[PDB]
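Trainee: Pasting in a structure now, in structure tokens, and then I'll have a few things to ask.
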Amino acid sequence: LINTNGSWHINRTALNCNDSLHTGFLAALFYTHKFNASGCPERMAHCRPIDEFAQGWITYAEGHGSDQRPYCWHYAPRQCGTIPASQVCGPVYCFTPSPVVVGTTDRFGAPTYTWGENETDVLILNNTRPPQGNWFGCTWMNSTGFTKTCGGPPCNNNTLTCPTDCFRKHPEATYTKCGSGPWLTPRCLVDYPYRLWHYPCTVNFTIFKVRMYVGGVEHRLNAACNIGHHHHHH
Amino acid sequence: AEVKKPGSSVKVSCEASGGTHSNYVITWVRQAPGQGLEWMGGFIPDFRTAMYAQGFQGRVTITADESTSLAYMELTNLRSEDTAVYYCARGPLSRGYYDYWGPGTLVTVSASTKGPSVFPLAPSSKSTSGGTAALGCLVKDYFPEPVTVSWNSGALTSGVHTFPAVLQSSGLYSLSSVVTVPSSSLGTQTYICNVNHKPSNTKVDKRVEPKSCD
Amino acid sequence: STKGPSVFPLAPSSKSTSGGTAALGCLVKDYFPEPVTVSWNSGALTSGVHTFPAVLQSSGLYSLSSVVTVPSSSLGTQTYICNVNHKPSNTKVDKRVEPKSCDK
Amino acid sequence: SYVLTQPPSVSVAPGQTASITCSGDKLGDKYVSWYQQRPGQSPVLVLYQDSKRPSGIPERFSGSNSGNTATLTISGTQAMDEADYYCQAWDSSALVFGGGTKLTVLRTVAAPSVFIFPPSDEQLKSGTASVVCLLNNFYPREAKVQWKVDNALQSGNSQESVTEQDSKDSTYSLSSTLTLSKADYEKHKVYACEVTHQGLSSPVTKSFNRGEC
Amino acid sequence: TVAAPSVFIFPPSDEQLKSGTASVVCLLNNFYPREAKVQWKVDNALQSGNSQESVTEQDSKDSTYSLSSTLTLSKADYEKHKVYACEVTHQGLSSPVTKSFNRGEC
Ligand SMILES: *[C@@H]1O[C@H](CO)[C@@H](O[C@@H]2O[C@H](CO)[C@@H](O[C@@H]3O[C@H](CO[C@@H]4O[C@H](CO)[C@@H](O)[C@H](O)[C@@H]4O)[C@@H](O)[C@H](O[C@@H]4O[C@H](CO)[C@@H](O)[C@H](O)[C@@H]4O)[C@@H]3O)[C@H](O)[C@H]2NC(C)=O)[C@H](O)[C@H]1NC(C)=O
Ligand SMILES: *[C@@H]1O[C@H](CO)[C@@H](O[C@@H]2O[C@H](CO)[C@@H](O[C@@H]3O[C@H](CO)[C@@H](O[C@@H]4O[C@H](CO)[C@@H](O)[C@H](O)[C@@H]4O)[C@H](O)[C@@H]3O)[C@H](O)[C@H]2NC(C)=O)[C@H](O)[C@H]1NC(C)=O
Ligand SMILES: *[C@@H]1O[C@H](CO)[C@@H](O[C@@H]2O[C@H](CO)[C@@H](O)[C@H](O)[C@H]2NC(C)=O)[C@H](O)[C@H]1NC(C)=O
Ligand SMILES: *[C@@H]1O[C@H](CO)[C@@H](O)[C@H](O)[C@H]1NC(C)=O
Ligand SMILES: *[C@@H]1O[C@H](CO)[C@@H](O)[C@H](O)[C@H]1NC(C)=O
Ligand SMILES: *[C@@H]1O[C@H](CO)[C@@H](O)[C@H](O)[C@H]1NC(C)=O
């Protein structure tokens, strides 16, 4: 089908990437730098760490957000249904939460085998919550050399948009209900093979095994979480 | 093992993905005997793009076949410096440490082919009561064996001593040819070494005379 | 020619009596072809056991020696047995390596 | 160009702690790796990402990296830790291997334990006599055995056997056997083995008198 | 019928010096007893590990051997160590004999 579970796609990814730019993002696939060796804290200082000056007073907000890098858990990702295949560089991982791969498909749904080279190739991914089908949201790397993200709408002298978690800042808002991207909590990621290439500033995160229940089904998953500076168990 | 002729090409092979998720990156490392490790390049099955080292930018070509699930590097124009053991490593996708170093493959080449260098040896210019001076000529840096040495068109063979060739450290050969002759025949006869090396069509003559002294 | 081994004891020293751990062994000699397998009591001893490589005798025959170090005080009540197995001959031979009487 | 430097060789005694240094410019900002290579064997990973060790490596290995130096530390060094060690780093989209460092452990001298077993009566009944000398638990290899029959030196008519080295203790064993005819054996009285070897102030002689007991 | 060896030493060429390599050679002529030994001592200081030896076989109607010893010197090494000497030890000789020369080609 359009999606593929079990951590095995075949080749039908979009092999369209760029080489003019000298940034060498593709060349940065063999190795990753240290936390402080790549100037992360400049790019990590633009979002509020723990408690975002809010209390509260269930609804969904469309709004918008299209500009800033999705490198920390604050975001308002938009809804994406179809994307041209000329822009995609690498697998497009979508989160059930369990990672799943979507491959290039023709307009009418016919699978195509061209490594994404042919012009007409597109990707159909109608972001939708698993309770109604499909995946919460998902991520890939654009051809020009920058990460992208997309997903469902955030739910409900300061402001707070919650794309995930916000347990204490909402009447028990959970991932199964409001989760959009791979951010299970403010400091946890849904680990997948290419995680270190789309989020290279989470290299220092430690590994973890987790169990989750969404709707009426159960998912066994491996997550990545750093040393949270308050507590391990809640 | 079987020695590859200079200027030819060799292939080093490795297992590769058959057209599915790999979750590893392949790399090639060459080790000359007791000289340490040197990198050549890396390859990612998922993204066919390779990555070559600078030093070997012009001679290496990495390509993979998915039907055979096998990826190989072709190295062309081998020289005497390229005799070494090749290791093929498979490391995690984005951590940059190579694990499971596979069995090494040894490749040997045999230097080059060139003619000899001829030099004389000054006979003792000091008067000797016995009356015997040992002239000599030295032939070194030639490959391959053998060479033929004669004295004065082959008409002088009483006392000639042609020592067997010795292997040099570099990889070439050295040899000497010595004749002992009466002392009172050093300024009245002409002594010439004639060195012939067919493998490179080298015919060289060299006169040997005591050096000028006042 | 399938000639079986001949086994001889290597008895311990007359007294050598101290904390000076003694040694005892068995010598297999005049067999062909190689090899034999040497085992101590029930083949359940591995501490301080040595079995040297087979040496070529003068007349195209072989010889081999097995030696084990043993605390001296144990010789009073314990016993040791050498077992040699030779497959070409399908022969297993057992001997008792007792300390010498040392009396006259 | 980026180049990493290591000391050429390091020598330590068993049970001590050895440190190997891989140095560079601002190396502390890199993820260094360590490979161990035995002579003629493919190198194996021993440390990745400074202090993270894989499964199957003993706890003795340890590592650290700071400033301009990465240190590989070994505790309780033993004879199975002598090998070449290489330091790996990444720079400017290029791999860099540091100069290999050869770690060798200095072995100690062990005095041989020497025994002489006379011939057995049962063998003597068959007309052939064998007198055997055993030198066990000694190091280095070069040790010399000389037989004496009533102050007469023995040349030839003797067989020598040596076993393989022991990994844990680094010691050899040596069997020296003398063969004689029955009449010749009973034509002499005093028998002696003589050992000369490092670790002994003077050569040691183990002798006996046949026909006594 | 032990025969003492005859020793010769030849300076390097006037040509190799332009190639950045020096090669001193020392020759032992006819001598029956096979055992022998040469020892290069330059400026009353001995070297080893940078010299090679070659040996032939006795002629048909004879029994004596011949030996040559070549010592290789890297570039600029021959520029110093004024004195050079080849030493030989053997039977027949009353004492080991040394043949020496000055680098000045006197
Ligand atoms: C890009 O597109 C697809 C993405 O879906 C890529 O991957 C697909 O993956 C398939 C599975 O590996 C590939 O086709 C396979 O080819 C294998 C080759 O193995 C040999 O086949 C030949 C047949 O003459 C013989 O030497 C042996 O039988 C070997 O098995 C096949 O093994 C494999 O399954 C086979 O099917 C037939 C039975 O009907 C037999 O070959 C055998 O019994 C075995 O069961 C399958 O055929 C291939 O890469 C691709 N799938 C197809 C259908 O092409 C491709 O890599 C890229 N290109 C294309 C065109 O897909
Ligand atoms: C996917 O690949 C595409 C192309 O293949 C890359 O996409 C983006 O290209 C635009 C170039 O226009 C640039 O981002 C935006 O450019 C805007 C102007 O076009 C900028 O907005 C406003 O522009 C004003 C006039 O220039 C100026 O006052 C000010 O700059 C203001 O912001 C804005 O800078 C946007 O960044 C980038 O090159 C790129 N977008 C990025 C990097 O965010 C890109 O490689 C991939 N798409 C991404 C990363 O979103
Ligand atoms: C999945 O992708 C998009 C999501 O809305 C839908 O495609 C739309 O098609 C209309 C038809 O003209 C375009 O005008 C819109 O721009 C498209 N929407 C986009 C790009 O967001 C598609 O129908 C969706 N699948 C459904 C609804 O089943
Ligand atoms: C990617 O970069 C290339 C140069 O490497 C340049 O042509 C263009 O920006 C992109 N590719 C193509 C085919 O246009
Ligand atoms: C990373 O660690 C420290 C502490 O956060 C940081 O200040 C620096 O930028 C980096 N390295 C060092 C050695 O300080
Ligand atoms: C590419 O897509 C276009 C439009 O569908 C059409 O030419 C054909 O389907 C494809 N051709 C090739 C060569 O892939």
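Chains as they are written, first to last, in the deposited numbering: chain A, 413 to 469, 472 to 570, 576 to 653; chain E, 9 to 222; chain N, 120 to 223; chain F, 1 to 213; chain M, 108 to 213. Ideal placement from N, C-alpha and C gives every residue a C-beta, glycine not left out.
(1) Check whether the Cβ of residue 470 of chain A lies closer than 8 Å to any heavy atom of ligand 2, and answer yes or no.
(2) Can you tell me whether DSSP reads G565 of chain A as helix, strand or coil?
(3) Give me the chain F residues within the contact set of residue 575 of chain A, using Cβ-Cβ distance strictly less than 8 Å, ordered along the chain.
(4) Can you give the Cα-Cα distance for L175 of chain N and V195 of chain F, rounded to whole angstroms?
(5) Hey, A83 of chain F and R38 of chain F are a contact pair by Cβ (cut 8 Å); roughly how many whole angstroms apart?
(6) Check this for me: beta carbons of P525 of chain A and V515 of chain A, under 9 Å apart or not?
(7) Name the residue from M:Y139, M:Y185 and M:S207 whose alpha carbon lies nearest to the alpha carbon of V109 of chain M.
(8) Per DSSP, which residues does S176 of chain M bridge with? Please list them.
(9) If we ignore side chains and look at the alpha-carbon of each, how far apart do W147 of chain M and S173 of chain M end up?
(10) Locate the alpha helix (DSSP H) running through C452 of chain A, then write down its first and last residues.
(11) Would you mind stating whether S135 of chain E and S191 of chain E have Cβ atoms separated by less than 9 Å?
(12) Just to confirm, is the Cβ distance from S33 of chain F to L129 of chain N under 9 Å?
(13) So is the beta-carbon of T534 of chain A under 8 Å away from any non-hydrogen atom of ligand 6?
(14) So, does the CB of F151 of chain E fall closer than 9 Å to a CB anywhere in chain M?
(15) Step through the CB atoms of chain E and report whether any lies within less than 9 Å of the CB of residue 471 of chain A.
(16) So with Cβ pairs under 9 Å, would you call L86 of chain E a contact of chain A?
(17) Report back the beta-carbon spacing between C193 of chain M and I116 of chain M to the nearest angstrom; my notes put them in contact at under 8 Å.
(18) Quick one: Cα of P207 of chain N to Cα of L180 of chain N, how far?
(19) Flag this pair as yes or no: are the beta carbons of residue 471 of chain A and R492 of chain A separated by less than 9 Å?
(20) Under 8 Å, with one C-beta from each stretch per pair, do the segment 449–463 of chain A and the segment 614–626 of chain A reach the 3-pair mark?
(21) Run through DSSP, which three-state label would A142 of chain N get?
(22) Any chance the CB of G24 of chain F is under 8 Å from a heavy atom of ligand 5?
(23) Since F624 of chain A contacts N645 of chain A with CB under 8 Å, what's their CB separation in whole angstroms?
(24) Against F138 of chain F, what residues of chain N qualify as contacts under a CB-to-CB distance less than 8 Å, listed in chain order?
(25) For ligand 1, is there any heavy atom lying closer than 8 Å to the beta carbon of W420 of chain A?
(26) Taking 8 Å as the cut-off, does the CB of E89 of chain E come closer than this to any heavy atom belonging to ligand 1?
(27) Tell me whether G559 of chain A counts as near ligand 2, meaning its Cβ is closer than 8 Å to at least one heavy atom of that ligand.
(28) So for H197 of chain F, helix, strand or coil by DSSP?
(29) Could you name the residues of the segment 415–439 of chain A whose beta carbon sits closer than 8 Å to any beta carbon of chain E, in the order they occur along the chain?
(30) Any chance the segment 81–93 of chain E sits against the segment 111–120 of chain E, with 3 or more Cβ pairs inside 8 Å?
(31) Is it the case that the segment 584–602 of chain A contacts the segment 526–538 of chain A, given that we only count it when at least three CB pairs across the two stretches are under 8 Å?
(32) Count the other CB atoms within 10 Å of the CB of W554 of chain A; is the residue buried (16 or more) or exposed (fewer)?
(33) Would you give the residue range spanned by the beta strand (DSSP E) that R215 of chain N belongs to?
(34) For a quick check, are the C-beta atoms of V203 of chain N and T156 of chain N less than 9 Å apart?
(35) Among residues of its own chain, excluding the 5 on either side of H169 of chain E, which ones have a beta-carbon nearer than 6 Å to its beta-carbon?
(36) Is there a Cβ of chain A sitting closer than 9 Å to that of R103 of chain E, yes or no?
Mentor: Concretely, from the data shown:
(1) Since the model of chain A includes 469 and then 472 but nothing between them, residue 470 of chain A has no atomic positions to report.
(2) To locate residue 565 of chain A, count along the first sequence from 1; it is residue 151. If DSSP states are grouped into helix, strand and coil, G565 of chain A belongs with the strands.
(3) Residues lacking coordinates in chain A include everything strictly between 570 and 576, among them residue 575 of chain A.
(4) Reading the third sequence from its first residue, position 56 is the one you call residue 175 of chain N. Reading the fourth sequence from its first residue, position 195 is the one you call residue 195 of chain F. Between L175 of chain N and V195 of chain F, the alpha-carbon positions lie close to 23 Å from each other.
(5) Within the fourth sequence, residue 83 of chain F is the residue found at index 83, counting from 1. Within the fourth sequence, residue 38 of chain F is the residue found at index 38, counting from 1. That pair is a contact at about 5 Å.
(6) Here residue 525 of chain A refers to the residue found at position 111 of the first sequence. Here residue 515 of chain A refers to the residue found at position 101 of the first sequence. No.
(7) Against the fifth sequence, residue 109 of chain M aligns to sequence position 2. When each option's Cα is compared against that of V109 of chain M, the closest is M:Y139.
(8) By one-based count along the fifth sequence, residue 176 of chain M stands at place 69. According to DSSP, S176 of chain M bridges with M:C133 and M:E160.
(9) The residue labelled residue 147 of chain M in the question sits at position 40 within the fifth sequence. The residue labelled residue 173 of chain M in the question sits at position 66 within the fifth sequence. Going by the C-alpha atoms only, they are around 18 Å apart.
(10) As a working note, residue 452 of chain A is residue 40 in the first sequence. If you look at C452 of chain A, you'll find it in the alpha helix (DSSP H) that goes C452 to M456.
(11) Counting from one through the second sequence, the residue named residue 135 of chain E turns up at place 127. Counting from one through the second sequence, the residue named residue 191 of chain E turns up at place 183. In contact: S135 of chain E and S191 of chain E (Cβ atoms closer than 9 Å).
(12) Numbered from its first residue, the fourth sequence carries residue 33 of chain F at position 33. Numbered from its first residue, the third sequence carries residue 129 of chain N at position 10. Cβ distance not < 9 Å, so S33 of chain F and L129 of chain N don't count as in contact.
(13) As a position in the first sequence, residue 534 of chain A is number 120, starting the count at 1. Checking every heavy atom of ligand 6 against the Cβ of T534 of chain A, one is found closer than 8 Å.
(14) As a first step, residue 151 of chain E must be located in the second sequence, where it is residue number 143. Not closer than 9 Å to any Cβ of chain M, the Cβ of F151 of chain E fails to qualify, so no.
(15) Within chain A, the sequence of modelled residues goes 469 then 472, so residue 471 of chain A has no position in this structure.
(16) Position 78 of the second sequence, counted from the start, is the residue given in the question as residue 86 of chain E. Answer no: the Cβ-Cβ gap between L86 of chain E and chain A never drops below 9 Å.
(17) If you number the fifth sequence from 1, residue 193 of chain M lands on position 86. If you number the fifth sequence from 1, residue 116 of chain M lands on position 9. Your pair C193 of chain M and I116 of chain M checks out as a contact, with CB atoms roughly 5 Å apart and the cut at 8 Å.
(18) Translated into the one-based positions of the third sequence, residue 207 of chain N becomes position 88. Translated into the one-based positions of the third sequence, residue 180 of chain N becomes position 61. One C-alpha to the other measures close to 14 Å.
(19) Any question about the placement of residue 471 of chain A has no answer from these coordinates, since chain A jumps from 469 to 472.
(20) Taking 8 Å as the limit for Cβ pairs, the verdict is that the segment 614–626 of chain A does touch the segment 449–463 of chain A.
(21) One-based indexing of the third sequence puts residue 142 of chain N at position 23. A142 of chain N: strand per DSSP, three-state reduction.
(22) As a working note, residue 24 of chain F is residue 24 in the fourth sequence. Incorrect: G24 of chain F has no Cβ contact closer than 8 Å to ligand 5.
(23) For this step, residue 624 of chain A is matched to residue 205 along the first sequence. For this step, residue 645 of chain A is matched to residue 226 along the first sequence. 5 Å between Cβ atoms; contact.
(24) Residue 138 of chain F sits at position 138 when you count from the first residue of the fourth sequence. By Cβ distance, chain N contributes nothing, its closest Cβ being about 12 Å from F138 of chain F, past 8 Å.
(25) Counting from one through the first sequence, the residue named residue 420 of chain A turns up at place 8. No, since every heavy atom of ligand 1 falls outside the 8 Å radius drawn around the Cβ of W420 of chain A.
(26) In the second sequence, residue 89 of chain E corresponds to position 81, counting from 1. No, Cβ of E89 of chain E sits at least 8 Å from all heavy atoms of ligand 1.
(27) Here residue 559 of chain A is taken as the residue at index 145 of the first sequence, counted from 1. True, at least one ligand heavy atom lies under 8 Å from that Cβ.
(28) What you label residue 197 of chain F is simply residue 197 of the fourth sequence in a count that begins at 1. If DSSP states are grouped into helix, strand and coil, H197 of chain F belongs with the strands.
(29) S419, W420, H421, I422, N423, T425, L427, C429, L438 and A439
(30) Judged by Cβ distances under 8 Å, the segment 81–93 of chain E makes contact with the segment 111–120 of chain E, as three or more pairs qualify.
(31) No, they do not touch.
(32) By 1-based counting over the first sequence, the position of residue 554 of chain A is 140. Per the 10 Å Cβ criterion, buried.
(33) By one-based count along the third sequence, residue 215 of chain N stands at place 96. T210 to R215 is the extent of the beta strand (DSSP E) around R215 of chain N.
(34) Here residue 203 of chain N is taken as the residue at index 84 of the third sequence, counted from 1. Here residue 156 of chain N is taken as the residue at index 37 of the third sequence, counted from 1. In this structure, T156 of chain N lies closer than 9 Å to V203 of chain N by Cβ.
(35) Locating residue 169 of chain E in the second sequence gives position 161, where the first residue counts as 1. Closer than 6 Å at the Cβ level, and outside the excluded window around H169 of chain E, lie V186.
(36) The residue you call residue 103 of chain E lines up with position 95 of the second sequence. With 9 Å as the cut-off, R103 of chain E counts as an interface residue toward chain A.
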